[PDB]
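When the letters of the sequence shown are read in order and numbered with the entry's author numbering, they come out as residues 1 to 148, 156 to 304.
Built from N, CA and C at the ideal position, the CB exists for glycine as well.
Before any comments, here is the structure.
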Amino acid sequence: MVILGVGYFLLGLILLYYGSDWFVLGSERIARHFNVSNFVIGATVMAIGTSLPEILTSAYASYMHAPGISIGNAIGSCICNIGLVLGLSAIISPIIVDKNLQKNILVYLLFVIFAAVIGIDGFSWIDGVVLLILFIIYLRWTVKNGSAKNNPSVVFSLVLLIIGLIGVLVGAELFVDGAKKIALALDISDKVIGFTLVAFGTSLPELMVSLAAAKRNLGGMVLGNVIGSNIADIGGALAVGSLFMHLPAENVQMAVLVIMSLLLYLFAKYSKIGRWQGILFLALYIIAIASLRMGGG
Ligand SMILES: CCCCCCCC/C=C\CCCCCCCC(=O)OC[C@H](O)CO
Ligand SMILES: CCCCCCCCCCCCCCC
Ligand SMILES: CCCCCCCCCCCCCCC
Ligand SMILES: CCCCCCCCCCCCCCC
Ligand SMILES: [Cl-]
Ligand SMILES: [Cl-]
Ligand code: NA
Ligand code: NA
Ligand code: NA
Ligand code: NA
Numbered sequence: 001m002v003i004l005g006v007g008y009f010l011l012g013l014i015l016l017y018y019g020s021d022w023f024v025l026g027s028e029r030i031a032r033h034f035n036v037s038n039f040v041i042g043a044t045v046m047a048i049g050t051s052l053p054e055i056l057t058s059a060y061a062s063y064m065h066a067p068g069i070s071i072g073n074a075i076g077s078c079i080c081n082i083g084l085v086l087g088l089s090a091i092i093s094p095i096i097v098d099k100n101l102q103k104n105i106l107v108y109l110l111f112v113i114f115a116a117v118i119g120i121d122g123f124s125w126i127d128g129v130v131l132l133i134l135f136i137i138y139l140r141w142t143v144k145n146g147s148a156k157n158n159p160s161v162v163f164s165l166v167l168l169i170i171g172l173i174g175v176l177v178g179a180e181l182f183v184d185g186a187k188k189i190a191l192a193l194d195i196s197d198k199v200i201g202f203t204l205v206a207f208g209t210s211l212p213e214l215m216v217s218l219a220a221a222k223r224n225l226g227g228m229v230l231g232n233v234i235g236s237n238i239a240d241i242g243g244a245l246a247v248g249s250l251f252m253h254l255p256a257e258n259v260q261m262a263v264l265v266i267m268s269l270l271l272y273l274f275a276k277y278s279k280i281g282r283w284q285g286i287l288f289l290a291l292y293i294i295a296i297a298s299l300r301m302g303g304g
């Protein structure tokens, strides 16, 4: 019970570690095959793939009459993606954002602000429909502005990507499941702590994938994965959750996300996303997890 919890924990870490690199390699190759930028492949394929945990979690939680957990997971992931994921990544591999990608980030900021405004009185299923539709439009807009029998180079690329994705998604589950089995076996299980860590567990793909891309100096891919995941977490995870049940307002967390998203845009536009910007993101994330209400909603 405690040993197989350790077994799942270690195997999950191994799958997350190597799986992320394969997912990054396959995605980088796919981008070159389709003549799209690393940002675009990160903001679409990689972002949605790594956000599959959030979507399922939010859908399931809301369906089970826990809409607090549903939006808690969605928004908490967004704060984690900028604060922790991008924070660590920018320090590892500083990013100077090109003028084209700056417009994408601006559209991201508008989306976030829009979601924050309509969410002041919580999120209804109609709010969900609109956000999902904007999500779809964002994806098509992003691909268009980043664009332009079967080859063994292409095949091997798709194998890498898919197996890499399977690795990080399964790896994240073994890690979470393993940790829960340990805590249960040691009788230190805490539901409030567990639900507080929900967003982090589903964020393990983004974290490991972005660090792997950061190590290979793929800053466009990193930035794409962060921006795209947040949009997927709002226009997808949050949205689907609201389809099952009205989600309660999280005005403080939305306010935190808006500030972080604004900072991200300002750095991208007028500066860079490097060491000291990354330090600030991490510091704000640390302050966030130190002061925000626990229970994950
Ligand atoms: C042009 C979109 C680009 C990508 C997003 C950038 C940020 C957009 C945020 C607000 C503007 C749009 C408000 C209208 C959104 C689309 C239509 C819609 O959702 O129609 C459903 C109807 O509003 C149910 O009452
Ligand atoms: C025309 C080029 C872009 C195609 C983009 C297809 C995007 C499909 C996105 C599906 C998202 C489903 C989210 C469910 C929560
Ligand atoms: C970033 C704006 C989020 C929505 C703010 C709406 C007006 C205030 C509503 C009461 C908010 C209490 C928490 C304030 C941070
Ligand atoms: C390549 C590494 C360069 C030096 C990186 C220093 C990182 C400092 C991170 C500080 C995070 C916030 C701490 C708040 C107390
Ligand atoms: Cl709840
Ligand atoms: Cl790149
Ligand atoms: Na994601
Ligand atoms: Na609303
Ligand atoms: Na998450
Ligand atoms: Na995720």
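Leaving out the 5 sequence neighbours to the left and right, which residues in its chain are closer than 6 Å to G303 when beta-carbon positions are compared? Locating residue 303 in the sequence shown gives position 296, where the first residue counts as 1. Cβ within range, chain order: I69, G72, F202, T203, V205.
Alpha carbon to alpha carbon, what distance is there between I82 and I113? Numbered from its first residue, the sequence shown carries residue 113 at position 113. Numbered from its first residue, the sequence shown carries residue 82 at position 82. Rounded to whole angstroms, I113 to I82 spans 15 Å at the Cα level.
For the putative contact between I280 and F274, defined by C-beta atoms under 8 Å, what is the C-beta separation to the nearest angstrom? Translated into the one-based positions of the sequence shown, residue 280 becomes position 273. Translated into the one-based positions of the sequence shown, residue 274 becomes position 267. Confirmed, Cβ separation roughly 5 Å.
With burial defined as no fewer than 16 other Cβ atoms inside 10 Å of the residue's Cβ, what is the status of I75: buried or exposed? As a position in the sequence shown, residue 75 is number 75, starting the count at 1. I75 is buried by the Cβ-count criterion.
Quick one: is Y8 buried, meaning 16 or more other Cβ sit within 10 Å of its Cβ, or exposed? Translated into positions along the sequence shown, residue 8 becomes position 8. With 16 or more other Cβ atoms within 10 Å, it is buried.
Name the two residues that bound the continuous alpha helix (DSSP H) containing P159. As a position in the sequence shown, residue 159 is number 152, starting the count at 1. Looking at the DSSP string, the run of the alpha helix (DSSP H) that includes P159 is 159-192.
So, helix, strand or coil for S147, using DSSP? Numbered from its first residue, the sequence shown carries residue 147 at position 147. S147: strand per DSSP, three-state reduction.
Note down the Cα distance separating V45 from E180, rounded to an integer number of angstroms. Counting from one through the sequence shown, the residue named residue 45 turns up at place 45. Counting from one through the sequence shown, the residue named residue 180 turns up at place 173. Going by the C-alpha atoms only, they are around 20 Å apart.
Would you mind sorting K188 into buried or exposed? The rule is 16 or more other CB atoms within 10 Å of its CB. Counting from 1 along the sequence shown, the entry for residue 188 is found at position 181. Per the 10 Å Cβ criterion, buried.
Would you decide whether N100 is buried or exposed? Buried here means 16 or more other CB atoms lie within 10 Å of its CB. Position 100 of the sequence shown, counting from 1, holds the residue named residue 100. By the neighbour-count rule (16 or more Cβ atoms within 10 Å), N100 is not buried but exposed.
Just to confirm, is the Cβ distance from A221 to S93 under 7 Å? For the purposes of this step, residue 221 is identified with residue 214 of the sequence shown, where counting begins at 1. For the purposes of this step, residue 93 is identified with residue 93 of the sequence shown, where counting begins at 1. A contact, by the Cβ cut-off of 7 Å.
Indicate whether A219 and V24 have their beta-carbon atoms separated by less than 7 Å. Residue numbering aside, residue 219 sits at position 212 when the sequence shown is read from its first letter. Residue numbering aside, residue 24 sits at position 24 when the sequence shown is read from its first letter. Their beta carbons are under 7 Å apart, which means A219 touches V24 by this criterion.
Give me the residue from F182, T209, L264 with the minimum Cα distance to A116. Numbered from its first residue, the sequence shown carries residue 116 at position 116. When each option's Cα is compared against that of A116, the closest is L264.
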